[PDB]
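**Student:** Model the structure of this input:
(2 chains, ligands or ions: 2)
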Amino acid sequence: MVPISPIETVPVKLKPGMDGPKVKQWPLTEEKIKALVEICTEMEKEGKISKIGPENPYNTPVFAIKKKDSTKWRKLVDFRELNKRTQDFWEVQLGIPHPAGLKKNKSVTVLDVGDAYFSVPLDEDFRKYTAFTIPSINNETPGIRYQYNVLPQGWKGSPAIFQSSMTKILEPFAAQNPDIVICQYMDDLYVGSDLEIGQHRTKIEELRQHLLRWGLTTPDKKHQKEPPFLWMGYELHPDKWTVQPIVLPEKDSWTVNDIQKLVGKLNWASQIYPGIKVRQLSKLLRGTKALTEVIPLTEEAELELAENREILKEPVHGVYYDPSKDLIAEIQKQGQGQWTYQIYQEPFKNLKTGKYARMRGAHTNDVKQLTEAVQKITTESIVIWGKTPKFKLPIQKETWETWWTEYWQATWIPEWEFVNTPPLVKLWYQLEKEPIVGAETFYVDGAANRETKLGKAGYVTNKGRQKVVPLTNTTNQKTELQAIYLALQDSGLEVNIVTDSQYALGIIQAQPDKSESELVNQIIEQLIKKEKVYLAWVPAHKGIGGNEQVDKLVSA
Amino acid sequence: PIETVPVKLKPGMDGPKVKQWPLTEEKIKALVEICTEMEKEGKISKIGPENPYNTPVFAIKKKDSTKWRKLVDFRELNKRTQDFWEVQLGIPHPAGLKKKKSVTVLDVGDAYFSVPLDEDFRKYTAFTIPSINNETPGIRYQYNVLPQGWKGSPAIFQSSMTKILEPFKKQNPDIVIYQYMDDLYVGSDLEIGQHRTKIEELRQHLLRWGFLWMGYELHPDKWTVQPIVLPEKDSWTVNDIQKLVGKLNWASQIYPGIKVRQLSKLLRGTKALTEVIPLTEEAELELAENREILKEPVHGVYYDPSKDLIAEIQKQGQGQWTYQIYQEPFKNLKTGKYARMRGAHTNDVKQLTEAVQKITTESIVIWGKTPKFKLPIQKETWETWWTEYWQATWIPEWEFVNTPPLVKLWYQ
Ligand SMILES: Cc1cc(/C=C/C#N)cc(C)c1Oc1nc(NC2CCN(Cc3ccc(S(N)(=O)=O)cc3)CC2)nc2ccsc12
Ligand SMILES: [Mg+2]
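**Tutor:** Numbering: from 1, shown residues only, chains lettered A, B, ... in the order given. Ligands and ions are numbered 1, 2, ... in the order given. Structure as follows:
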């Protein structure tokens, strides 16, 4: 007998105030009972479970299923109730690595740890809560009652406790062998290095020697999978990676469910296939919960889909990470609030690609969106590679400088260089800081009756120019914007505009270049056409000349 | 200190479960070295999967220090930790601190590591050193001693701190010492060279009782509500008078008796913005009477310790930032301005982060608590970058302003 260290038990508790489960066992057929007795008799020999007396008051129902070709019954213990009553754990497997963050390991070995799993003991004080009952034949004897000594499959804590138990066992080995990487996937343990096949095989044997200390045997996985490893939806090749095959289906009838699976594939593919776009295909899902609803594709969604088929026509791949090279991120504007990007170290050899969609909002501009994309990529790059990339941005240095020096919010983007890739991001208008000498002064105002929704908008100027337009189905805020629009339409290339609308000032001072309001868009188009615009604000109803004059014109 | 002070969360509240945000490789490495040493010294221990709690952690560099430093963001835990009256019903925040000529800030958080934390409460201090690219499970620790940045620490340690200082305070009755979190604030009215000596002698007294050698020098002589000032001009354009009337109308929400009738009268008609308008005698008097009103303090402004303090900040350009601290709108308790922020002439976000820290420091000195900030910045930009420039062991609360306030002009 070679002494073997015990695996440290994790203490487990029920949620505060809650007791164990007390679910009734279902009646089973004679055949299922016979099967369960055989299975459990074997499990009991292997130490997994133990018989218990009638004092234990808890119970979880057990079942008997089977596979079609597999000529055996399968035992199933439904721990759904016990899981509801079990404490929360640290679930240390939520996130999976991204392939673009991985580094090349020429040599990779796969070990099966399905048997080490059962070496992880269940906290003795918690075992009572896992009791289950095999109903007896003809229910003429007491049912055979068992409890678990090992982490049950299907119990809430098994994944976190197993993974944490393996990690702690592997730590000294990983620490003292810095030239090897370890990842466990289901009951597969994957051990890679960049050593020669000889030195690599030696590390494996050393790892096996190490794992024997806890009595863990670990042979090689059954039917060693040749490359590429099919892992978490990817294809991991020795020198390249890509997503698994992206195939767009052909259809003349698209339902609300068909469009969701297409966005899913497209999104998944966007991490390597550059230039994927899903706006026009996402717009067809704005608000719906029935999935068979056949929503016709707009000529914009068709064009988008076909643009994706062209990109998806040929397989593309990313490379793995070289820490000795720079990390570079390049962004393009695609339109309609859509942005793409590529992250690479060598030109044309992308580590990964991605996209960024504009946030929902009534107004926005291209510089704010580009800034937001930069922040997303920054955070993604820190996750994957632990560093911020150098950015190549389709915005001139002088444009950025003008933007951040004048914009009312603090803003920042990390080290970046201009890349001349149209369409370039630009500032479409800039308001004056001071009133313009020699430019006509338009005093604008608008008003609307709350009940009738009738209103007026117009202006008076220092040259005696005047206009009032009557409006229907409008609001104070809308007439106030309309008045500014009229002044822009009716003035020359330079114009001073005086408004009393805090609402209108707040919109324009936010420097939108596009709006969900057609009226704001029209105002944007006018500003773009001007040489100089000074927009001044005054308080309403104070007797300010010009403003007082137009106020009475538009208030009935 | 063998005996631990029993600590509980608030009724019907679980421990914190805050996500660890991603960290660069160099910050992870710094944290691994720091925490390994903390673990060898018994200050923290590895924890198992049965602990589901988490508080975020990052790495910084104190003001003028090349050494990496660990900072735990205990904001969630602190609001979930019971309210404390450890020794008394409370320590009255010293109103004399804000009056001293000079005030020095001493980092004494290292003292906390000598007091053990209640064994039952330790699980709530859990934190994770994240891996890169999820390539390994994070390193999971919990505290065994009073952690820096935790609300409970100064309260539990207060009995010991008061005794450490009594001999010093006994001989310097005119020096005001106040503790907020991990910091002592030591103020005096005496010669800056003499004050620095007293501070210096306060430090070596700490060494004998069992530090850090760093300091911070403030001058709360000069913290007030800056007056509202109006232009003094020999010729006024239409635009000038429109700006004046708008500013005066804003001030009339704050000050009673502000009048604009005679100034508005000047703008009778529909005039070019650049036309020069001569002031009448009526308007001159009204302006003069407004100026007089603006010299006095705002009526009925009082601090209420039961309400939050609110701090607003405006970017004024060219490295200048104005700010106001208040509890109710138009009842400013303090206002100020900042220029040429240190080492950030090209970085808006660094400047804003430094303004936030300076304003929080003023708030601690005046009222003994931190304000809730209204920040002129988009959430995603702020949350990506602020930790890169943070140098303080506390962290305030903040919210984001997305609509440009018209009042930025009035504080120009
Ligand atoms: C080691 C490992 C394997 C897998 C596979 C699962 C499946 N199914 C997943 C992860 C996350 C792994 O974990 C890490 N993997 C790497 N790098 C990789 C190593 C593998 N290659 C691909 C490859 C190489 C050689 C052969 S070959 N010719 O030997 O058959 C086949 C495939 C890409 C880089 N780095 C780290 C760092 C910390 S964990 C970890
Ligand atoms: Mg009006």
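**Student:** switch to C-alpha atoms for all contacts and neighbour counts from now on
**Tutor:** Fine.
**Student:** Please report the distance of the residue lying closest to residue A:294 once chain neighbours are set aside from residue A:370.
**Tutor:** Counting by Cα to Cα, 6 or more residues apart in numbering or on different chains, residue A:294 lies nearest to residue A:255, which is 3.9 Å off, once chain neighbours are set aside. In this view, residue A:255 and residue A:370 are 33 Å apart by Cα to Cα, to the nearest Å.
**Student:** Neighbour count for these two, which is higher?
**Tutor:** When neighbours are counted by other Cα atoms under 10 Å in any protein chain shown, residue A:255 and residue A:370 differ, and residue A:370 comes out ahead with 24 against 17.
**Student:** tell me the contacts of that one?
**Tutor:** Contacts for residue A:370 were tallied using Cα atoms under 8 Å, 6 or more residues apart in numbering or on different chains; they are residue A:339.
**Student:** Specify the local secondary structure of it.
**Tutor:** Following DSSP: H, G, I helix; E, B strand; the rest coil, the label given to residue A:370 is helix.
**Student:** quick one, helices of the stretch 351-500 of chain A?
**Tutor:** For the stretch 351-500 of chain A, the helices defined by DSSP state H, counting those that start in this stretch cover A:366-385, A:397-406, A:476-490.
**Student:** Could you do the stretch 101-250 of chain A as well?
**Tutor:** A:158-176, A:197-212.
**Student:** Who are the packing partners of the last one?
**Tutor:** Taking 3 or more Cα pairs under 8 Å, 6 or more residues apart in numbering or on different chains; DSSP states H and E as the contact definition, the neighbouring helices and strands of helix A:197-212 are strand A:107-112, helix A:158-176.
**Student:** Which among the ones you listed is found nearest to chain B?
**Tutor:** Of all these, it is helix A:158-176 that lies closest to chain B, at 6.2 Å by Cα to the nearest Cα.
**Student:** Identify the residues contacting residue A:236.
**Tutor:** Neighbouring residues of residue A:236 by Cα under 8 Å, 6+ apart: A:99, A:227, A:228, A:229, A:230, A:242.
**Student:** For PyMOL, write the select line for the buried members of those.
**Tutor:** Here is the PyMOL command that picks out the buried ones among these, judged by 16 or more other Cα atoms under 10 Å in any protein chain shown:
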select buried, chain A and resi 99+242
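**Student:** now the contacts of residue A:236 as TSV including distance to ligand 1?
**Tutor:** Below are the contacts of residue A:236 laid out as TSV (distance: Cα to the nearest ligand atom, whole Å):
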residue	distance to ligand 1
A:99	7
A:227	5
A:228	6
A:229	4
A:230	5
A:242	11
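**Student:** that older thread, pretty sure the residue nearest to residue A:294 sits against residue A:290.
**Tutor:** No - the pair residue A:255 / residue A:290 is not scored as a contact, 9.4 Å apart, by Cα atoms under 8 Å.
**Student:** got the contact list for the most centrally placed residue in chain B?
**Tutor:** Closest residue to the average C-alpha location of chain B: residue B:360 at 1.3 Å, with Cα atoms, centre = their mean. Going by Cα under 8 Å, 6+ apart, residue B:360 touches B:370, B:371, B:396.
**Student:** which of those tops the neighbour count?
**Tutor:** residue B:371 (25 neighbours).
**Student:** give me phi/psi at it?
**Tutor:** For residue B:371, the backbone dihedrals (degrees, to the nearest 10) come out as phi -90, psi 160.
**Student:** Just to check, it is in contact with residue B:397?
**Tutor:** Yes - Residue B:371 is in contact with residue B:397 according to Cα under 8 Å; the separation is 7.2 Å.
**Student:** Could you list the domains of the chain?
**Tutor:** The chain I'm using is chain A. Chain A breaks down into these domains under curated CATH domains: A:1-92+A:118-158, A:93-117+A:159-227, A:228-321, A:322-428, A:429-556.
**Student:** wrong one, I was asking about chain B
**Tutor:** B:6-95+B:121-161, B:96-120+B:162-217, B:218-303, B:304-412.
**Student:** would you turn the ones you listed into CSV with distance to residue A:419?
**Tutor:** Converted to CSV, the domains of chain B look like this (distance: least, Cα to Cα, whole Å):
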stretch, distance to residue A:419
domain B:6-95+B:121-161, 26
domain B:96-120+B:162-217, 44
domain B:218-303, 42
domain B:304-412, 21
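**Student:** now for the ones you listed, which one comes closest to ligand 1?
**Tutor:** Ranking the domains of chain B by distance to ligand 1, with Cα to the nearest ligand atom as the measure, places domain B:6-95+B:121-161 first at 4.6 Å.
**Student:** end-to-end on the closest one?
**Tutor:** Start-to-end, domain B:6-95+B:121-161 (Cα to Cα) is 19 Å.
**Student:** want to throw the helices of the stretch 101-250 of chain A into TSV with mean neighbour count and distance to residue A:451?
**Tutor:** Output for those, formatted as TSV (neighbours: other Cα atoms under 10 Å in any protein chain shown; distance: least, Cα to Cα, whole Å):
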stretch	mean neighbour count	distance to residue A:451
helix A:158-176	16	63
helix A:197-212	15	81
